[PDB]
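Which chain is which? They are A, B, C, D, E, F, G, H, I and J, in the order written, and residues in each are numbered from 1.
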């Protein structure tokens, strides 16, 4: 298939493996999650514009909006973590081992 | 129903204007005689090609030419 | 061009159907120059 | 929380799951999962302590990752099929990504690592919602895509879930982690019979929801979150020890109880398809689940652990908690096996 | 079953509430002329 | 070379993701995701998605990454080898992908990909006096009633959810 | 399994052809067992709230019995319907495909040789 | 559980965006409208198990419309052979493929 | 699969309408009025055959009837038409509303010297009927035969023989 | 294409002026300066209210993104449904603003 889809899928996998390998910050995790969403937006958009499927042109906007609301919720969770420990470090979130 | 209205117009005229304009926007298109013409103008706008019909022999309402009498007209739009 | 190639049907449809298929951009402008390609494939998008 | 806001948020959780159940477009499937997650996050942060925020953060990260993999599976389906019907998928890569995403949502092993944490971090009512209501929407999507699910993947996820949920509960004393590893084992049992007979998948889901709702309702009615506080129940309410006894013996699947009903039916559908090793090893692995159920029954019903003196004060007060549907759920989770051919209503 | 790895684990609190583990001070200096020390809370 | 321009943007797009997926700091990672959003917007714009690309600017970049950078600047108090090694690893894997799919005009990582410029897959007609993508987004109010209801309800509930969980009571 | 059958007429608990079936009797032993489950739910509801088990709230016990018999009657109707649909589809498929279901020639034991295994 | 509320109540919540061949605004066809209509009219009602093996030709034509893999493979082959013959000097392109022909209309 | 069947380059030769888009747009209403019949025969054939190769000759008739349209402008009213399409041609959107007096002179000159009446608002967007002699295509999509459906349900619904037959349950 | 040329020209002129503004007075040899804020060294205290107004911006910006195709959506032939859904989206943005009001979310940055 087309050549641009290779790069958009590879971008989704790069943002996947960034989201699946945390370093320290939860904000960097949320950025990798939104990179995954952005690559999904681009890939859906290039397909729907290519196929001239008219009714799905409203589809990526929807894919934006919900997920950005999702991002808002994630930011709020991070802030609550930051209001407990002072930092958004993922190693502070280890109390549920016992 | 009248003292409360003068009270909220004395205290909060921004919000009274807000709810009043919103109420007009809700109820007024159902009371307008020209809401029908919005629909009629949006369906009178020819974005697509008028794909003609095969003349089977019995279609008295479909014209053979644009300048024929039968067919949909737009006298109402030119006159209003 | 495709004379030396073994097992090549010239003008072979890639579709099983015999219905007319709308010609793709690379089908039409594949053998032409890059200026004609760009003017036909990004001309309206890049027009100002 | 404002009770009106609690009602609207629980109706939004239910609305998300129902939108997953009734929709014919994959975008509305993804929207129902997003609405479900977005609305269930305040249910987990109901008490506002750092364990609830940690649990909600872990839950958000796992469900968000699964939602992104779900949308990538949907988008690859749109690549290779040009449409959006919620039916079989038209690419094994999209099928693998959707099966992984739904395994992450269900918390099936090896994507199980959030389930005993999050259930520990949240109250008993929100843990009840997470272990009963949050299974319904991904099992519906797995119900509708089973002509495309890889057999080796779904059975690998099933046996890995059953074994890890068996061994995980043996080391626990916290009741919520026990119910979470019980969840992982039972989801393994549900997905092991999915490609053979999905009516038995629905049967196992319904009997599991009934038994889990009974055990969480007993834990809420007795206000016990640990084994050793559940062992004070005989000196406070002796009927509740009988109820946790019969319900834990049901959840292990001992006949003549109704929790013997699903797994037996699952074996009844896996030997028709010439699989003998797999349901036998599954049934032998479920003895671990029954072992830590027996540990809880020895702590609670069949012995009497020592109590404290202040228990004598609680003798003067009856339970004012609304024990909603607890006799109904207790009867249904124990005495339903003579009505086993009722399962045809799920066909 | 406590092992060497899981030996530092204590049981969780009974109400499942962990203990919570300030306000800003500003020096609006001499840069009439007045020095101000603010304790702000937002 | 200019016939490959969207492909070229996509390469930069992948490079931008190796910017923030390697996670240098959430603020440089925010900057890398902003640059990635701009070049992915350019990819969208060069197929004819004008409105969707301006949604990438106005709503993803100007709407959401503003809030990411805003929240991030209220943390991570102002003043690696794993980041640099991860960045050069992702860059070398991407340039090996470029080298293979340009030397062969075909590659297969998971799916088979052509190596021609992505102009070849387009349509050779006109859409008349409308953008088809604009009319498909305009159909959200005429054909997308259930989609509008569930999206607006999810946004209202999202307002309620953020106000419940950020209160602590 | 039968999900394509109940897909042209969806979300119907009891279809119209279910009215061709004999309904379960009111003295159905399955229905009497469901009424016994209602009585057990009434006794457990008195026990968990520390009421006298057999005496307290006879109206509540009778509503438990009535509700379980009421739900279980329709559940038994749908059960009998789904097994009727199962057998109808089976017999129609055996009738429409004779080449997959031939009549096996049944041989009497005068021809049928069985190997004798002596127990000694 | 696919509780088909939309067919039960007769409402249309999401069937309209489901396929490319549905009713579109301003009657805009998809690029693979005809192939998808033929694949759907082939595979309608006969079930998925029969639809995989009996409607394979329409589905392969529709997938090759969607992703254009055989078409781009053929264009790869023709362009590669042309570039090889230009490198060997045994071929010259015509004036209408060099841009010297004063285009048609 | 098969070999695509393309018409030859001789089959595509026709005398083109080599005028610019402002010339065409300035003459558009009278062109739709006068050249109605071969245009609608062509477009009916084009939406019925769904194949341009099957629509060539009618298309040539379009390209034959447009020229006879413009020659009859060139023989009689070349100068008001020239002034009018020049005024149309100045505008970057080619507005009709900027050019009403040159339009009025061209319409006057055509109505006096050729009797052509400019169509009113609404007429050119009408759906007309077309009398043809070519046959209606019985299979324009070139589709093969559909698969036979599954056999339906028929007959009365009998009860299940000896009940559920689930291991020991007699009902 | 002309847009990309114009963006490159604007970005190049901006980068040139920034380079001149950062490097034209570096040529002078003025003096080395030793040089040894309202908060001294206290860490930045987090404001919940700035985060809430940014999230309220984000959610209302998503609702705006839904509202943006209305000048195109007014051209439809299903105008009763279009008007109903337009008024419903603006009404749900108003209900979001009202709930943000009544639970004191718009307070001390009102």
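The criterion applied here is as follows: a contact is a pair of C-beta atoms (placed from the backbone, for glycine too) under 8 Å apart; a residue touches a chain by one contact, two chains touch by 3 or more.
Molecules present, by chain and UniProt name: A = NADH-ubiquinone oxidoreductase chain 4L; D = NADH-ubiquinone oxidoreductase chain 2; F = NADH-ubiquinone oxidoreductase chain 6; J = NADH-ubiquinone oxidoreductase chain 3.
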Exercise for review: Enumerate, in label order, the chains that touch chain D and chain G alike.
Suggested key: H, I
Revision key, fill the gap. Larger contact count among C-I and B-J belongs to C-I
Practice item. Could you pull out the chain whose C-alpha mean position is farthest off from that of chain E? Key: I
Revision key, fill the gap. Chain centres from averaged Cα atoms put chain A and chain B apart, in whole Å, by 43
Study note, to complete from the structure: Chain-centre distance (mean CA atoms) for chain A and chain E, in whole Å, is 31
Practice item. Report the inter-chain centroid distance for chain G and chain J in whole angstrom, where each centroid is the mean of the CA atoms. Key: 63
**Study point:** Whole-Å gap between the CA centroids of chain H and chain J
**Key:** 41
Study note, to complete from the structure: Touching at least 2 other chains, the residues of chain B are 47-48
Check your understanding: Considering chain D alone, which of its residues make contact with at least two other chains?
Key -> 27-28, 31, 34, 38, 41, 45, 50-51, 56, 79, 82, 84, 120-121, 341, 344
Review point. Which residue numbers or ranges of chain I touch two or more of the other chains?
Key: 50, 141, 143, 163-164, 171
Exercise for review: Please give the residue numbers of chain H that touch chain I in the complex, ascending.
Suggested key: 34, 37-38, 41-42, 45-47, 50, 54-55, 57, 104-105
Review point. Across the complex, what residues on chain A touch chain D?
Key: 1, 5, 12, 16, 19-20, 26, 29, 33, 36-37, 40, 43-44, 47, 51, 53, 56, 59, 62-63, 66-67, 69-70, 73-74, 77-78, 80-81, 84, 93, 95-97
Exercise for review: Show which residues of chain F lie in contact with chain D when the two form their complex.
Suggested key: 110-111, 146-147, 150-151, 153-154, 157-158, 160-161, 164-165, 168-169
**Study point:** Contacting residues of chain I [partner chain B, same complex]
**Key:** 32-33, 36, 40, 43-44, 47-48, 117, 119-132, 136
**Study point:** chain A - residues contacting chain F, complex
**Key:** 1-11, 14-15, 17-19, 23, 25, 27-28, 30-32, 34-35, 38-39, 41-42, 45-46, 48-50, 52-58, 60-62, 64-66, 68-69, 71-73, 75-80, 82-83, 87-88
